[PDB]
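Each remark here refers to the structure printed beneath this line.
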C-alpha cells in the first residue's frame, strides 16, 4: 500500500511538471521547486517484599503459561484415567470424550478435588508459589539449563575435556529442526558418562559439576518423554524455510558491547594478549552489520561455524583468567543468539532503527544516550551506506541520516 | 623527610600551562552550545514535524524495495525542503 | 631483570586519562562533520553556481582597476544574495 | 569547490536511479571504517609496547659479605668477583 501511494504521487508530480528523457542523477537531484509542496488533502517491609515477589512470580507465571496449560490438561486427563483405571484400559479416543481433536481448548468436566488442591495452594501464596513456580519454570524451559551447565563446567578450568561438547552443542542443537535432534541427547549423555568414567587415573570440582550435568541431561530426557554424506542434507534443511522468521540484532550487538566493556575492564602477559582479541572482536562487530544488512543467512552460518571454533582455539592459549572466562561466557550469549538468528532466519522488510519504534520519553533518553558514545553514530551511518543498495553519494547520505536523527 | 616524586614530569612551570590549557579548551568547548543556539533555530523549532517524518520514512522505505529511481525523486523534495525555510513554515504547520 | 623507564612521566594513573582525553576530543571533533551537515545545506547544494561566480570574479576584478566605489555597489549584491535564500533559489537555477 | 564538483559531473554523467558504484562504495568506505578503528586502536598499541620490553638480565658482579660480632670490629670479612661467581649452566638449572 505504501509503495502504491508513493508511486501514485510521483506520477502526479511528473504529470504537471511539463504543464522523462535525459535525466542523469545530477539534474534529478537538483530539481526541486515550490510546486512540490501543495496541500493535497492530507490522506512494614513485608508487604513490599511479598507484593514485589508476587509480581515477580506473576512474571514467572507468564513465562510458564504454556507448559502450565499442557500440565493441567494432561493431569486432568490423568486423574480421569486413574479414577477410570480400576478395571481396564482399552480405548484412547473413547476416553477423550467422557468429559475436539487438535486444539488447545477447555470446555469439559471439573473434578472438585482438583479445585480443592488449587484452593489449598492458593492458601499459601507467600513463598510456596514463588519457588514452586521457579521449579515449574526450570521444568518448563527445561532445555536451556542443559546448555547452561554444558558451558558452566567448561568455564571452571576444564581445558580440553569439555571443549568437544559446546562446539557441537551450538552446531547440532541450536541449528536444527526445533526439536533439537533424534540422538544428540544420546551422544551427549554417553560422552558425559565416559568423561567422568575416564577421570579415574587413580576430578574435584569438575565431577562436582558433571554430576549436575548428567542429572540435568536426564532431567530433560525424562521430561521430554518423546522420540560427510549427511552434512549437506541438513545444511540444505536450513534453507527449506519452515521457520517462524523473527530476528534479533539488538541483543547480539549489545552482548558484543558488553564483551568489549569486559575486555577494557580486564586492564585492571595477558594484558599484552588481550588486544589481538580486541581487534578481531572489532572485526566481528564490523562484519555482522554487513551480514545483517545484505539480509543473507548463508554467510552468517559460515561466520558462525568459523567463529565458534576460532574462539575455542583461542580458549587454549590464554593460559601461558576469571575475567577472561567471564568474557567467554558473555560471548556464548552472542553465539546462542546468532544460532537463534540462523534458525528463524531474517524476516524481510525490516531495516528501521533499533531504538525508534515508538515515541516514548524512554526512547528519547536512550537515543540521546546512544549518540553520546564516540565513533558510533557515524560508524553506523557509514556501514549502513556501504552495504545497502543506495544510489546517492556518501556525503549525500549523511544529510538524510542527520535530518532523520534530528527530526526524531 | 623524603619526597615521593611529584614534579618529576613538568619541571615546575608545566602545570599552570596544563591547567590553563584544560580550562581554556573546555571553556571554548562549553560555550559551543550554551551561548550559540541562535543560528540553529530554524532547524530546531518546528511545531509539528509529521510531514517531514513521513517523507523520511519513505526514503528509508524505498531503500529496501530497491525501486531505486524513487530515492532521487524524493531526496530532491527533502533537500529542497531544507533549502528554503519559508517553505518549511509552509510545511510544518499544525492540523485542524 | 632491569626495567627501562616507561611509567616515568604519568605515575600510573595518567595514561587512561590521556587516552580517554584523546578519544573524547577526536570523537567530538569527528562528529563535527559526519553528522552535522544539515544546517549548511542551503549554502552547499546549489544546482549551477555560475551567476555567483561571475559576480565574485567581478569583485576580484574591480579591485585591480581601482575603481573603488564599484566594490560597495557589488558587495551589497553579494551580501544580499547570502541573506535571503529564497533569492538564492531565484538566482541559482539552470539554463535553457 | 562547488563549481569544480559540478564540472566533474559533466565529463562523467551517471544514469538515473541506478549505477550505484559497487566497488567505489568499498573504496570510499573501507578507508573510513579502518581509519576510525585505527583511531580507536593504535593509541592502545603504543600504550602497551613501552611496558612490554624486558629481559636485559642484571647478573650481579659484586658480592661483599662480612660477619660482624660486636661493635668493636667486623671479625670476618670478604668480597668476591666473577672468578668466585658461577654463572649457571642450564644443566645446573635443571639440577636446581
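Numbers run from 1 along the shown chain.
Method on record in the header is electron microscopy, 4.0 Å.
Just so it is clear, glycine is given a Cβ too, placed from its N, Cα and C backbone atoms.
Taken from Swiss-Prot, the feature phosphoserine applies to A:101. Cβ contacts within 10 Å of residue A:101 (phosphoserine), excluding its own Cβ and spanning all protein chains shown: 5.
Annotation source Swiss-Prot lists topological domain 'Extracellular' at A:156-159, citing experimental evidence.
Secondary structure by DSSP for the topological domain 'Cytoplasmic' (A:176-183): 0 helix, 0 strand, 8 coil. Annotation comment: Swiss-Prot describes A:176-183 (among others) as topological domain 'Cytoplasmic', evidence class experimental evidence.
Summarising the annotation, Swiss-Prot assigns topological domain 'Cytoplasmic' to A:288-301 (among others) and lists experimental evidence as the type of evidence. Counting residue by residue with DSSP, the topological domain 'Cytoplasmic' (A:288-301) contains 10 helix, 0 strand, 4 coil.
The feature transmembrane segment is assigned by Swiss-Prot to A:112-155 (among others), with experimental evidence given as support.
For the transmembrane segment (A:160-175), same-chain residues at least 6 beyond its ends with a Cβ under 8 Å from one of its own Cβ atoms are 147, 150-151, 153-154, 181, 184, 188, 191-192, 195, 206, 234, 238, 301, 304-305, 308-309, 312, 315-316, 332, 335-336, 339-340, 342-343. Residues or ranges marked as transmembrane segment by Swiss-Prot: A:160-175 (among others).
Look at Swiss-Prot and you will find A:184-202 (among others) tagged as transmembrane segment.
What Swiss-Prot records for A:204-225 (among others) is transmembrane segment, and it gives experimental evidence as the kind of evidence.
According to Swiss-Prot, the feature transmembrane segment maps to A:249-268 (among others).
Swiss-Prot lists A:271-287 (among others) with the feature transmembrane segment, giving experimental evidence as the kind of evidence.
Residues annotated as transmembrane segment in Swiss-Prot: A:322-337 (among others).
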Q. Do any residues of this chain, six or more beyond the ends of the topological domain 'Cytoplasmic' (A:288-301), have a C-beta under 8 angstroms from a C-beta of it, and if so which?
A. 175, 235, 238-239, 249, 252-253, 256, 338, 341-342, 345-346, 348, 351, 383-384, 386-388
